[PDB]
Amino acid sequence: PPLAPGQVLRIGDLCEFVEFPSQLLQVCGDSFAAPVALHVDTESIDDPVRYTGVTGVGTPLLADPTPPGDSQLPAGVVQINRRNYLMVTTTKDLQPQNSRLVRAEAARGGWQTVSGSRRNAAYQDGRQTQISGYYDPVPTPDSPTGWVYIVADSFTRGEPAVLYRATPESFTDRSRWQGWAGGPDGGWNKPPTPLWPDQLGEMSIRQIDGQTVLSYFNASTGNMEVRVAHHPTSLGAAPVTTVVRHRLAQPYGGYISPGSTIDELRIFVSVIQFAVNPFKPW
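Okay, structure coming up:
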């Protein structure tokens, strides 16, 4: 239906959504003390959602087992064409111990860790234990193949968000991510600067109608918010649409449906679905 700018309405432990052509997976973890992937009935993601299966109960969902006393939790998704990468952050007493990349598969489990992708929790000033990313194939001087833009922050929600970019070719090598720095002395491939001072949490970023759309949990405000910008490097200057306020008690999540429109995003929070026509910089 027709929604007004900024108008949001409700349609009807830690989980993350991975979208494969034939299956939507809800990868959920414990946070205490395995990580499983629930097959979501796509027909039910509108009917005020049912599941048709689960991966990771019999055989494990991840190839690397969980160290005793630790917990492996999903912490962001990057989709490059049809390659799906999930960040898995292992915590101990809820303190992040390390983060790694994992190649997600739809039909089976035993998801393999991306070779060489493990980093301790202190990596990059502790602002790369939670991420979201999207691929823009538009060529630029530095890349004929485009860029995977990646927003990152701390799994613990105590740090602001920063922006990296990687060529689709080189994304799997974390050491090749180029941080974005604002300011006269800034630019790409520099120690990244906070997009803005608020302490952020979980993020979902996607290009809709050529627009960078970021749905995130703002921990400073404690609300599920949305930002729309023309380029990710301007997300800090983007207008904010509050989606879930505190409306619902202690929100968390904010997954942008692939079938979202620039004037009608469908955002899942926890799962409840919200339709929001966000404020746009024009």
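In case it helps, the authors' numbering puts the sequence shown at residues 10 to 21, 39 to 59, 70 to 84, 87 to 284, 301 to 324, 338 to 349.
Backbone N, C-alpha and C fix where the C-beta goes; we use that ideal spot for every residue, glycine too.
By the CB criterion at 7 Å, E263 and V278 fall inside the cutoff. Cβ contact annotation for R214 (same chain, cutoff 7 Å, sequence separation greater than five): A204 and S208, in chain order. In the DSSP assignment, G307 falls within the beta strand (DSSP E) that extends over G307 to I310.
Contact between the segment 187 to 200 and the segment 226 to 239 is established, with three or more Cβ pairs separated by less than 8 Å.
DSSP, read as helix, strand or coil, puts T151 in strand. Counting the other CB atoms within 10 Å of its CB gives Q16 a total below 16, which places it among the exposed residues. By the neighbour-count definition (other C-beta atoms within 10 Å, threshold 16), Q150 is an exposed residue.
Rounded to the nearest whole angstrom, the C-alpha separation of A73 and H268 is 33 Å. Rounded to the nearest whole angstrom, the CA to CA distance from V186 to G21 is 32 Å. About 6 Å separates the CB atoms of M125 and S137; that is less than 8 Å, so the two are in contact.
Residue environment analysis places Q162 among the buried positions, since at least 16 neighbouring C-beta atoms fall within 10 angstroms of its C-beta. With contacts defined by Cβ atoms closer than 7 Å, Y173 and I243 do not form a contacting pair.
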